[PDB]
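**Student:** Right, I'll just put the structure down here and ask away after.
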Amino acid sequence: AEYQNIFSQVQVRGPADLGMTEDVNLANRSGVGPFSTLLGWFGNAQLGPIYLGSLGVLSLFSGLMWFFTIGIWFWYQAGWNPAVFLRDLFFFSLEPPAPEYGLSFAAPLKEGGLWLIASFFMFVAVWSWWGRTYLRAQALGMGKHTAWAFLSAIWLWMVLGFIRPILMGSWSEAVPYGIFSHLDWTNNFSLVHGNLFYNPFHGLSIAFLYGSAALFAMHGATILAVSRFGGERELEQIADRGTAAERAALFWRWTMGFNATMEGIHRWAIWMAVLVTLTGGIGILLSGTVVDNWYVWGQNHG
Amino acid sequence: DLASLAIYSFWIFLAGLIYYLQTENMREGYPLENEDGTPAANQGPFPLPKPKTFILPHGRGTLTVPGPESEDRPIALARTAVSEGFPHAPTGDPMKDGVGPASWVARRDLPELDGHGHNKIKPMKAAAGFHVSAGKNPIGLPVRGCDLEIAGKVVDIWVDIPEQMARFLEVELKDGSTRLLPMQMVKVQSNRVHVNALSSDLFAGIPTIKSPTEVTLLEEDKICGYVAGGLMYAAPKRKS
Amino acid sequence: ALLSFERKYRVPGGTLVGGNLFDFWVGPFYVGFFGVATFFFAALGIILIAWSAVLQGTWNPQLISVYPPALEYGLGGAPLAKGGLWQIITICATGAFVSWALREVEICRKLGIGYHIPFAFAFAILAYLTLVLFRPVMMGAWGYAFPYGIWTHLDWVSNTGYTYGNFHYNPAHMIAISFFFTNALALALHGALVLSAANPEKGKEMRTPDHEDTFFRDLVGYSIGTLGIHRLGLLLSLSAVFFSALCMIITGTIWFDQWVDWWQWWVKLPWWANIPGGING
Ligand code: BCL
Ligand code: BCL
Ligand SMILES: CC[C@H]1c2cc3[nH]c4c(c3C)C(=O)[C@H](C(=O)OC)c4c3nc(cc4[nH]c(cc(n2)[C@@H]1C)c(C(C)=O)c4C)[C@@H](C)[C@@H]3CCC(=O)OC/C=C(\C)CCC[C@H](C)CCC[C@H](C)CCCC(C)C
Ligand SMILES: CC[C@H]1c2cc3[nH]c4c(c3C)C(=O)[C@H](C(=O)OC)c4c3nc(cc4[nH]c(cc(n2)[C@@H]1C)c(C(C)=O)c4C)[C@@H](C)[C@@H]3CCC(=O)OC/C=C(\C)CCC[C@H](C)CCC[C@H](C)CCCC(C)C
Ligand SMILES: COC(C)(C)C/C=C/C(C)=C/C=C/C(C)=C/C=C/C(C)=C/C=C\C=C(C)\C=C\C=C(/C)CC/C=C(\C)CCC=C(C)C
Ligand SMILES: CCCCCCCCCCCC[N+](C)(C)[O-]
Ligand SMILES: CCCCCCCCCCCC[N+](C)(C)[O-]
Ligand SMILES: CCCCCCCCCCCC[N+](C)(C)[O-]
Ligand SMILES: [Fe+3]
């Protein structure tokens, strides 16, 4: 029988959408890319255009220098052998300097100086990309929620690779660039601090992650169930409430006794998501700097 | 110690947040009312927040919420019981009267505009140069209702220009007029479009748009409302 | 009390069981048949949990824990105070959840909307049942299930994980985790995007979905769109749950050694298995 709106039945296309101008410098906008019919079954078919100013270029050259630096080490660990490289891909690892070196930049390339260089390029990449999330919003007249949310992610990333090591007194506390190595680090970090299940901020972090999945499932499901009334046109439902927004609200009111608004749900969503990395970064930053063992900490309720 | 303080603080912040979030979500529908329209005695422990004001593009003015609430329309329903909490019975034809799952909101009787101030939704024929890019073109197919009777034929797709997606099929009835059907309520099959929500006799009662080539938020609501309402109210003529 | 717009939606109809008998509300909450069933199952479950806490000797909510029957009982029943209660509470929980979903269906029918929400919810339920029913049954004892206590379940999660070394190496768990992380990324982006348009710079007019598309295209070269992003959240969320269930359904059943060693299938492929150099030669 009936149709569910997970995939489109019919695509339509017209001239490529170059976008709103507002205060964007159009010189820095590429041109449209291909249209992907595959993508179109699910979302939009139009690829591009993208905006590449100075920050963008910097961000992305730096991002590649990070990736190429890690990759150059991978080949070296492979003794330049293409077969070994693919075989051992998930085992290679770019490790930070040893404790010996503390926080200094003294360490030889093969003993973690290369990790410092990779880390330098990544730091430029991410912060400049951050600067980009803010500016591309500024140029369009939009609020800066995106930059503020991305900052929550950054916080966790900074805590792991930069702030915590600094406070701990050595780069060897940081995370190695490798697939398996980074999971071993993670496991070993929990063991070494008494199991992070006893870290109350870890427990929150989990609550919000799981919560993020429930909320997006609820929200997405909800919007699809009222998309036969135009529900996905969220910004106009905010400006002039229609029956989509009302049936949404009422589904939930009747189900769990309270509900949201078409705008407010997006606030629940931004905060549910950002509290994951927000609580997480704190839990981590406290670990070893202030608390050597969360079980023991927990035994004194604090 | 610092961790105690950090964690204690965080619960405090988190209660503040839940309060901001809960109150923000009372910018519509509040104050709570009794079944006759008057304000309810108990509104709960959260107050209404200080109003905020959305400036709307294209001289459409502002929206300020919270503010005076009201249906701005009649509601053909009546109580079926002597206390709060029971269903309200349609006093007429709930499809024609726009109640129940056939409900509509008195939204503004203008069209959604795009970022350029142009009508967001147009029939494909007036949208240069839109066209079906994949899937089976429904234009030309007969349209079958849940009674398994042919109710018309598809004469165009109405499309959302900026987002480039099909929003409605325009269908033509025995009498030569058309109606819009929401895209999300039809199955395009190889040799027909099937519409489970409506039996063939109810296509004439689809609210009709005042201009052949635009559609307003008010009208989209009546159309989408009427069609969905058929799920419940046309079940005596569906069928399988 | 009703929201200002609610009355017109409060009509008869939509029930799956018992016609008009239970067709009513209590304050905001719809009831229905499945609201009655949900209360019965939940109330019973809670009573028996309280009963279990008497038998355990504590009212502290952070100490209350209901364990399933020890492994010696296999899939048979067990005396109440040595696992039988956990078994009954589990039937109660399953009743309550499934009833919750069915009640959601009734609500959908009355409101004339799609069924996506309960269908989604059904994923959470199947994940619950993977842990307490499907996996224990495939493994031969109720005692492989998790206990019902705030901290004891965490204790089970660690023991269960470390029985297989570092559980990170379960490849199905890796995919799940990626979806969980990705979903939260998308939720952050979606909420921020809509809020950045609805709440532009001071003084300015609301932005439009064209602005949202434009912001994303300028940022990363692609916009999935407003239907797209809701489809995506759903997919990401449920795929995370689907692969969670799967990461556990296979664990202790088709794979029961250390997850880390699974990966040797790749390292040992004939064409490079013996080549010296690298990490594994
Ligand atoms: C054995 C392992 C330990 C454990 C050890 C740890 C450690 C260590 C940590 C966590 C952390 C977390 N744990 Mg744990 N954790 C355990 C068991 C669990 C269990 C469970 C048992 O079911 C769950 C559900 C979790 C869940 C979680 C998450 C809530 C949390 C990370 C949030 C997040 O979004 O990270 C992912 C998000 C980020 C890392 C942010 C990244 C942002 C940057 C800017 C992105 C840069 C990308 C780069 C530029 C590449 C670009 C490529 C592009 C394609 C262009 N843990 C056990 C006890 N866990 C983290 C945390 O916060 O702990 C408090 C953390 O450090
Ligand atoms: C030492 C621990 C091991 C480990 C061992 C395990 C074990 C063991 C398990 C997981 C599972 C998971 N692991 Mg692990 N895992 C580890 C480290 C991690 C890390 C990390 C950062 O290192 C992350 C991000 C994760 C992430 C995950 C998730 C993929 C998954 C949990 C989500 C889930 O299944 O929800 C699914 C959702 C549910 C089950 C909830 C269903 C809820 C029901 C339907 C309703 C509840 C109603 C309620 C009672 C209502 C109350 C009344 C009021 C109204 C509120 N693990 C380490 C390496 N991991 C679990 C998994 O996949 O389970 C299938 C699992 O069993
Ligand atoms: C709130 C917490 C959640 C979160 C939020 C979040 N993340 C965010 C944001 C937000 C709000 C952004 O705004 C920002 C973003 O732009 O998303 C679209 C971002 C972001 N989140 C990202 C990753 C990320 N987020 C993660 C997690 C999370 N993000 C949390 C769950 C994770 C996890 C879970 O580990 C990852 C891996 C990025 C997609 C983006 C930040 C991008 C960045 O900093 O770029 C620098 C690097 C490069 C520019 C290049 C990298 C090198 C490539 C691997 C090479 C491949 C090809 C190359 C790019 C093509 C070029 C070809 C040339 C020849 C032309
Ligand atoms: C499938 C994707 C995600 C998801 C989706 C999802 N959850 C959903 C929905 C959807 C679509 C709803 O429609 C439904 C809802 O109404 O939300 C408000 C819901 C819901 N998800 C909930 C919880 C929940 N979801 C979780 C996860 C997820 N939900 C997934 C990540 C988790 C995790 C991650 O741990 C929890 C705890 C509830 C708030 C709600 C279901 C409420 C419900 O079923 O009510 C009826 C039952 C009772 C009122 C109580 C029954 C009591 C039992 C009889 C006794 C208790 C037994 C229990 C086993 C004890 C366990 C205790 C210990 C583990 C501590
Ligand atoms: C095919 O071969 C080519 C040559 C094409 C390239 C192939 C490359 C390959 C295969 C690359 C693979 C890369 C991988 C697997 C990378 C994995 C990275 C992971 C998992 C990273 C995880 C965590 C990283 C964190 C937490 C990093 C945090 C970093 C910071 C906070 C930056 C800190 C900056 C520092 C210390 C430098 C400070 C320096 C100055 C000068 C102030
Ligand atoms: C990010 C997801 C990428 C899109 C992949 C989905 C392609 C599936 C196409 C479904 C076909 C639908 N059809 C032909 C019946 O209409
Ligand atoms: C958007 C806000 C939603 C709030 C969700 C709060 C869930 C709290 C769950 C308990 C946390 C665990 N612990 C150990 C820190 O107590
Ligand atoms: C909320 C974050 C608070 C961080 C507190 C920082 C204290 C600095 C002392 C760290 C001691 C670690 N070490 C190894 C140097 O002894
Ligand atoms: Fe949304």
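Just so we're on the same page: first chain in the structure tokens is A, next is B, and so on; residues restart at 1 for each chain, and ligands are numbered from 1 in the order they show up.
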Any idea which chain B residues end up within 6 Å of chain A if we count only C-alpha atoms, as number ranges by chain please?
**Tutor:** B: 4, 24-25, 104-105, 129-135, 164-165, 184, 224
**Student:** Which polymer residues have any atom within 10 Å of an atom of residue 3 in chain C, counting only C-alpha atoms, with same-chain residues fewer than 2 positions away left out, as an mmCIF file with C-alpha atoms, in the first residue's frame?
**Tutor:**
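Final output, result_22.cif:
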```
data_model
loop_
_atom_site.group_PDB
_atom_site.id
_atom_site.type_symbol
_atom_site.label_atom_id
_atom_site.label_comp_id
_atom_site.auth_asym_id
_atom_site.auth_seq_id
_atom_site.Cartn_x
_atom_site.Cartn_y
_atom_site.Cartn_z
ATOM 1 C CA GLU A 246 0.106 21.732 15.268
ATOM 2 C CA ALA A 249 3.005 19.340 18.800
ATOM 3 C CA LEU A 250 -0.104 17.411 19.536
ATOM 4 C CA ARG A 253 1.484 16.368 23.881
ATOM 5 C CA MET B 26 5.699 27.978 25.114
ATOM 6 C CA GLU B 28 2.789 29.057 20.749
ATOM 7 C CA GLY B 29 -0.426 27.497 22.039
ATOM 8 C CA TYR B 30 -0.203 29.070 25.481
ATOM 9 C CA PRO B 31 -2.013 30.033 27.585
ATOM 10 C CA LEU B 32 -3.647 26.719 28.013
ATOM 11 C CA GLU B 33 -7.405 26.901 27.604
ATOM 12 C CA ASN B 34 -10.487 24.935 28.683
ATOM 13 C CA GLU B 35 -12.539 23.147 25.985
ATOM 14 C CA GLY B 37 -11.859 28.653 24.773
ATOM 15 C CA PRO B 39 -8.005 30.320 30.002
ATOM 16 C CA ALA B 40 -7.431 27.225 32.137
ATOM 17 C CA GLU B 69 -3.979 33.238 20.274
ATOM 18 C CA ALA C 1 -6.334 22.182 29.583
ATOM 19 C CA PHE C 5 -5.266 25.190 18.713
ATOM 20 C CA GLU C 6 -6.020 21.720 20.068
ATOM 21 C CA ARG C 7 -9.786 21.259 20.211
ATOM 22 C CA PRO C 28 -2.832 16.271 27.940
#
```
**Student:** What do you get as a list in words if you pick all residues at most 9 Å from ligand 9, counting only C-alpha atoms and all ligand atoms?
**Tutor:** residues 216, 219, 220, 223, 231, 232, 233, 234, 262, 263, 265, 266 and 269 of chain A; 187, 190, 191, 194, 226, 227, 229 and 230 of chain C
**Student:** For residue 203 in chain C, find every residue with an atom within 12 Å (counting only C-alpha atoms), except residues of its own chain fewer than 2 positions away, and show them as a PyMOL selection string.
**Tutor:** (chain A and resi 141-143) or (chain B and resi 53-57+62) or (chain C and resi 199-201+205-207)
**Student:** Among range 48-122 of chain B, which ones does DSSP place in strand (DSSP E or B), written as a ChimeraX atom specification?
**Tutor:** /B:52-56,61-65,77-79,88-90,113,119,121-122
**Student:** Would you output that residue set with N, CA, C and O atoms, as a tab-separated table (two decimals), in the first residue's frame?
**Tutor:**
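Written output follows (part16.tsv):
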```tsv
chain	number	residue	atom	x	y	z
B	52	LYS	N	9.24	37.65	21.74
B	52	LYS	CA	10.25	37.90	20.75
B	52	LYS	C	9.56	38.23	19.43
B	52	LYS	O	8.38	37.84	19.21
B	53	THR	N	10.32	38.93	18.58
B	53	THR	CA	9.82	39.43	17.35
B	53	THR	C	10.69	39.08	16.16
B	53	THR	O	11.89	39.45	16.03
B	54	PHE	N	10.04	38.32	15.28
B	54	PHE	CA	10.57	37.92	13.99
B	54	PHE	C	10.24	38.99	13.02
B	54	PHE	O	9.08	39.32	12.89
B	55	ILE	N	11.25	39.52	12.34
B	55	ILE	CA	11.00	40.39	11.19
B	55	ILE	C	10.91	39.54	9.92
B	55	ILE	O	11.82	38.79	9.61
B	56	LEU	N	9.80	39.66	9.21
B	56	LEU	CA	9.59	38.86	8.02
B	56	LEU	C	10.01	39.58	6.74
B	56	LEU	O	9.84	40.81	6.60
B	61	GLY	N	5.84	42.00	7.34
B	61	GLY	CA	5.66	42.46	8.72
B	61	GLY	C	6.42	41.65	9.74
B	61	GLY	O	7.52	41.18	9.49
B	62	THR	N	5.85	41.52	10.93
B	62	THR	CA	6.47	40.80	11.99
B	62	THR	C	5.61	39.70	12.59
B	62	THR	O	4.43	39.59	12.30
B	63	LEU	N	6.23	38.86	13.40
B	63	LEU	CA	5.49	37.91	14.21
B	63	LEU	C	6.09	38.07	15.60
B	63	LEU	O	7.31	38.21	15.78
B	64	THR	N	5.20	38.14	16.58
B	64	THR	CA	5.59	38.35	17.95
B	64	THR	C	4.94	37.28	18.79
B	64	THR	O	3.71	37.19	18.85
B	65	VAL	N	5.76	36.47	19.43
B	65	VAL	CA	5.26	35.32	20.20
B	65	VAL	C	6.03	35.38	21.52
B	65	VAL	O	7.24	35.72	21.56
B	77	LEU	N	-17.60	21.50	15.81
B	77	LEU	CA	-17.52	20.35	16.73
B	77	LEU	C	-18.41	20.58	17.95
B	77	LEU	O	-18.68	21.69	18.31
B	78	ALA	N	-18.81	19.51	18.63
B	78	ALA	CA	-19.47	19.68	19.93
B	78	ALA	C	-19.12	18.57	20.89
B	78	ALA	O	-18.73	17.47	20.46
B	79	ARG	N	-19.23	18.89	22.17
B	79	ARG	CA	-18.95	17.95	23.21
B	79	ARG	C	-19.83	16.73	23.08
B	79	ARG	O	-20.95	16.83	22.62
B	88	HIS	N	-14.72	15.41	20.84
B	88	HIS	CA	-15.72	16.36	20.36
B	88	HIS	C	-16.23	15.95	18.98
B	88	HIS	O	-15.46	15.75	18.09
B	89	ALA	N	-17.54	15.76	18.84
B	89	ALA	CA	-18.12	15.20	17.61
B	89	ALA	C	-18.30	16.25	16.51
B	89	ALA	O	-18.77	17.36	16.73
B	90	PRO	N	-17.93	15.90	15.32
B	90	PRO	CA	-18.22	16.82	14.21
B	90	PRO	C	-19.72	17.12	14.09
B	90	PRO	O	-20.50	16.21	14.08
B	113	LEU	N	7.13	32.86	-0.32
B	113	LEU	CA	8.04	33.46	-1.29
B	113	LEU	C	9.40	32.92	-1.12
B	113	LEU	O	9.72	32.50	-0.04
B	119	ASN	N	7.22	33.69	-5.78
B	119	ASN	CA	6.49	32.51	-5.41
B	119	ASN	C	7.32	31.25	-5.41
B	119	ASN	O	7.85	30.88	-6.44
B	121	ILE	N	6.43	28.19	-4.99
B	121	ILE	CA	5.85	27.00	-5.64
B	121	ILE	C	5.07	27.42	-6.89
B	121	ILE	O	4.19	28.27	-6.81
B	122	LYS	N	5.42	26.84	-8.02
B	122	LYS	CA	4.75	27.16	-9.24
B	122	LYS	C	4.39	25.88	-9.94
B	122	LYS	O	5.06	24.87	-9.78
```
**Student:** Could the residues of chain C within 10 Å of chain B, counting only C-alpha atoms, be given as a ChimeraX atom specification, please?
**Tutor:** /C:1-14,20,22-30,108-114,198-200,203-211,213,223-227
**Student:** To check your reading of the model: which residues sit at most 7 Å from ligand 8 when counting only C-alpha atoms and all ligand atoms? Write the answer as a VMD selection string.
**Tutor:** (chain A and resid 167 to 169 282 285 to 286 288 to 290) or (chain B and resid 2 6)
**Student:** Residues of chain C that approach ligand 1 to 9 Å or less, counting only C-alpha atoms and all ligand atoms: could you list each one with the shortest pair of atoms and its distance in Å to one decimal, rows by chain and increasing residue number, as CSV?
**Tutor:**
```
residue,atom,partner,partner_atom_place_in_ligand_line,distance
C:154,CA,ligand 1,21 (C),7.6
C:157,CA,ligand 1,21 (C),6.2
C:158,CA,ligand 1,21 (C),6.9
C:161,CA,ligand 1,21 (C),7.7
C:162,CA,ligand 1,1 (C),8.6
C:166,CA,ligand 1,1 (C),6.7
C:167,CA,ligand 1,1 (C),7.5
C:168,CA,ligand 1,1 (C),7.5
C:177,CA,ligand 1,24 (C),7.9
C:180,CA,ligand 1,34 (O),8.0
C:181,CA,ligand 1,34 (O),5.3
C:182,CA,ligand 1,34 (O),8.4
C:184,CA,ligand 1,34 (O),7.2
C:185,CA,ligand 1,34 (O),7.9
```
**Student:** Quick one: write out the picked residues with N, CA, C and O atoms as a short mmCIF file (atom, residue, chain, number, x, y, z; two decimals), in the first residue's frame?
**Tutor:**
```cif
data_model
loop_
_atom_site.label_atom_id
_atom_site.label_comp_id
_atom_site.auth_asym_id
_atom_site.auth_seq_id
_atom_site.Cartn_x
_atom_site.Cartn_y
_atom_site.Cartn_z
N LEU C 154 25.91 -0.77 33.90
CA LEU C 154 27.27 -0.35 33.56
C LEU C 154 28.31 -1.40 33.92
O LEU C 154 29.20 -1.69 33.12
N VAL C 157 28.06 -3.89 31.32
CA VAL C 157 28.57 -3.44 30.05
C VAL C 157 30.11 -3.63 29.99
O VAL C 157 30.63 -4.18 29.03
N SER C 158 30.83 -3.22 31.03
CA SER C 158 32.26 -3.51 31.15
C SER C 158 32.57 -4.99 31.12
O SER C 158 33.40 -5.41 30.34
N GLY C 161 31.82 -6.30 27.62
CA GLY C 161 32.82 -5.82 26.68
C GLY C 161 34.16 -6.52 26.79
O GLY C 161 34.63 -7.05 25.84
N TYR C 162 34.74 -6.58 27.99
CA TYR C 162 36.12 -6.99 28.16
C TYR C 162 36.30 -8.49 28.08
O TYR C 162 37.43 -8.97 27.85
N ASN C 166 39.25 -5.63 23.92
CA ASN C 166 38.73 -4.30 23.73
C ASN C 166 37.64 -4.40 22.71
O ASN C 166 37.88 -4.81 21.58
N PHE C 167 36.45 -3.98 23.10
CA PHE C 167 35.26 -4.18 22.30
C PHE C 167 35.25 -3.24 21.07
O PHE C 167 34.44 -3.43 20.10
N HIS C 168 36.14 -2.25 21.12
CA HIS C 168 36.31 -1.35 19.99
C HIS C 168 36.53 -2.10 18.71
O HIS C 168 36.19 -1.55 17.66
N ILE C 177 29.04 3.14 16.19
CA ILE C 177 29.61 4.34 16.78
C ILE C 177 29.72 5.49 15.74
O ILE C 177 29.49 6.66 16.06
N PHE C 180 26.37 6.99 15.41
CA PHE C 180 26.04 7.79 16.59
C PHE C 180 26.73 9.15 16.58
O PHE C 180 26.16 10.18 16.91
N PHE C 181 27.99 9.15 16.24
CA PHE C 181 28.75 10.36 16.22
C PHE C 181 28.25 11.24 15.06
O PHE C 181 28.03 12.47 15.19
N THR C 182 28.07 10.62 13.90
CA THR C 182 27.67 11.37 12.75
C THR C 182 26.31 12.03 12.98
O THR C 182 26.08 13.17 12.56
N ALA C 184 24.85 12.98 15.79
CA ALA C 184 25.01 14.11 16.69
C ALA C 184 25.65 15.30 15.97
O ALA C 184 25.29 16.43 16.23
N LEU C 185 26.61 15.04 15.11
CA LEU C 185 27.13 16.08 14.27
C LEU C 185 25.95 16.67 13.50
O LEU C 185 25.68 17.87 13.59
#
```
**Student:** Among the residues of range 227-265 of chain C, find those DSSP assigns to helix (DSSP H, G or I) from the backbone and print them as JSON, numbers by chain.
**Tutor:** {"C": [227, 228, 229, 230, 231, 232, 233, 234, 235, 236, 237, 238, 239, 240, 241, 242, 243, 244, 245, 246, 247, 248, 249, 259, 260, 261, 262, 264, 265]}
**Student:** Mind dumping the selected residues with N, CA and C atoms as a compact mmCIF listing (two decimals), in the first residue's frame?
**Tutor:**
```txt
# COMPACT_ATOMS: atom_id res chain seq x y z
N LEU C 227 14.14 18.52 3.36
CA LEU C 227 13.55 17.21 3.47
C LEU C 227 14.67 16.25 3.76
N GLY C 228 15.73 16.43 2.98
CA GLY C 228 16.97 15.67 3.11
C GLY C 228 17.45 15.52 4.52
N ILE C 229 17.59 16.63 5.22
CA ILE C 229 18.23 16.57 6.56
C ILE C 229 17.33 15.82 7.54
N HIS C 230 16.00 15.84 7.31
CA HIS C 230 15.14 15.10 8.23
C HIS C 230 15.20 13.63 7.87
N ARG C 231 15.22 13.31 6.60
CA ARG C 231 15.46 11.94 6.21
C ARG C 231 16.76 11.42 6.75
N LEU C 232 17.77 12.27 6.78
CA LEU C 232 19.12 11.86 7.17
C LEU C 232 19.17 11.53 8.67
N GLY C 233 18.53 12.38 9.48
CA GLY C 233 18.58 12.25 10.93
C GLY C 233 17.96 10.92 11.27
N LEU C 234 16.93 10.58 10.55
CA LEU C 234 16.21 9.38 10.84
C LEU C 234 17.14 8.22 10.51
N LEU C 235 17.73 8.24 9.32
CA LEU C 235 18.56 7.18 8.86
C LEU C 235 19.77 6.96 9.78
N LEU C 236 20.46 8.02 10.09
CA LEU C 236 21.62 7.97 10.92
C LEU C 236 21.25 7.38 12.25
N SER C 237 20.23 7.94 12.88
CA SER C 237 19.79 7.49 14.22
C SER C 237 19.44 5.97 14.27
N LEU C 238 18.57 5.51 13.37
CA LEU C 238 18.16 4.14 13.35
C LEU C 238 19.25 3.21 12.85
N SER C 239 20.16 3.73 12.03
CA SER C 239 21.24 2.87 11.57
C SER C 239 22.18 2.68 12.70
N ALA C 240 22.37 3.71 13.50
CA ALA C 240 23.22 3.53 14.69
C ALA C 240 22.67 2.42 15.58
N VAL C 241 21.36 2.40 15.74
CA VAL C 241 20.74 1.43 16.60
C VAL C 241 20.74 0.09 15.93
N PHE C 242 20.61 0.05 14.64
CA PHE C 242 20.50 -1.23 13.98
C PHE C 242 21.85 -1.93 14.16
N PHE C 243 22.92 -1.19 13.93
CA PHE C 243 24.27 -1.79 13.98
C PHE C 243 24.73 -2.07 15.43
N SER C 244 24.17 -1.34 16.37
CA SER C 244 24.34 -1.66 17.78
C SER C 244 23.80 -3.06 18.05
N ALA C 245 22.55 -3.28 17.67
CA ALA C 245 21.93 -4.56 17.91
C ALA C 245 22.76 -5.68 17.26
N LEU C 246 23.19 -5.40 16.07
CA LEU C 246 23.87 -6.37 15.28
C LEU C 246 25.24 -6.64 15.91
N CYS C 247 25.91 -5.60 16.41
CA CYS C 247 27.21 -5.78 17.05
C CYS C 247 27.11 -6.70 18.29
N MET C 248 25.95 -6.73 18.92
CA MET C 248 25.73 -7.60 20.07
C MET C 248 25.11 -8.95 19.73
N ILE C 249 24.27 -9.00 18.68
CA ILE C 249 23.63 -10.25 18.32
C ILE C 249 24.70 -11.23 17.85
N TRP C 259 37.77 -9.83 19.90
CA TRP C 259 37.45 -9.10 18.63
C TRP C 259 38.68 -8.66 17.84
N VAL C 260 39.71 -8.22 18.56
CA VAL C 260 40.97 -7.78 17.97
C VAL C 260 41.52 -8.81 17.00
N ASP C 261 41.36 -10.11 17.24
CA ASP C 261 41.92 -11.15 16.36
C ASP C 261 41.09 -11.40 15.08
N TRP C 262 39.86 -10.94 15.05
CA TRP C 262 39.03 -11.04 13.83
C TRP C 262 39.79 -10.46 12.65
N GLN C 264 42.74 -10.36 11.74
CA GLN C 264 43.78 -11.12 11.03
C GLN C 264 43.32 -11.69 9.67
N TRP C 265 42.03 -11.77 9.41
CA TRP C 265 41.61 -12.25 8.11
C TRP C 265 42.23 -11.38 7.00
```
**Student:** Given a cut-off of 9 Å, what residues near ligand 5 show up using only C-alpha atoms and all ligand atoms, put as a ChimeraX atom specification?
**Tutor:** /A:64,66-75,85-86,89-90,92-94,96,103,105,115-124,126,154-163,165-166,171,174-183
**Student:** Which residues are near ligand 7 - at most 10 Å, using only C-alpha atoms and all ligand atoms? Format: as JSON, numbers by chain.
**Tutor:** {"A": [197, 198, 199, 200, 201, 202, 203, 204, 205, 206, 207, 208, 209, 210, 211, 212, 215, 267, 268, 269, 270, 271, 272, 273, 274, 275, 276, 279], "B": [7, 10, 11, 14, 15, 17, 18, 19, 21, 22], "C": [62, 150, 151]}
**Student:** Taking into account only C-alpha atoms, which residue in the set A:192, A:106, A:84, A:114 is nearest to chain C?
**Tutor:**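 Residue with the minimum atom-to-atom distance to chain C: A:84.
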